[PDB]
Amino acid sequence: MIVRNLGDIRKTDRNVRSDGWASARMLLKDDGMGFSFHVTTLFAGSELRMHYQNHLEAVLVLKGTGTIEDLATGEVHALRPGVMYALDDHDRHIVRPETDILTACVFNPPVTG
């Protein structure tokens, strides 16, 4: 049984920070679950151009609002709590957070990092 908590994780090197986002890795490849599990913050007013060549991702919006754009079609979908999007086709997409957006993210294969 593994038990961790966000507060403690954000005080370690399993919390990664970058330009436009921060991600707290609750689980990584080493934990052996066969997926990684992340709590990722997307910063208000960012333009996050994303594309996961090497993973499938699922994202559940926990807090905040914005939009995600599917570049295959240009369709824009609203993001609000309870919206779930899955990048099943290694989709190129663009997230524009209006407020900060808090997400729970699942990656397969696991981020191993």
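Numbering starts at 1 and runs along the sequence shown.
For the segment pair 12-20 and 87-95, the entry gives 12-20 the higher mean B-factor, averaged over Cα atoms. Mean CA temperature factor is higher for 46-54 when stretches 46-54 and 33-41 are set side by side in the entry. When the modelled residues of the chain are ordered by C-alpha B-factor, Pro81 sits in the highest third.
The entry lists a Cα temperature factor for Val111 that places it in the middle third of the chain's modelled residues.
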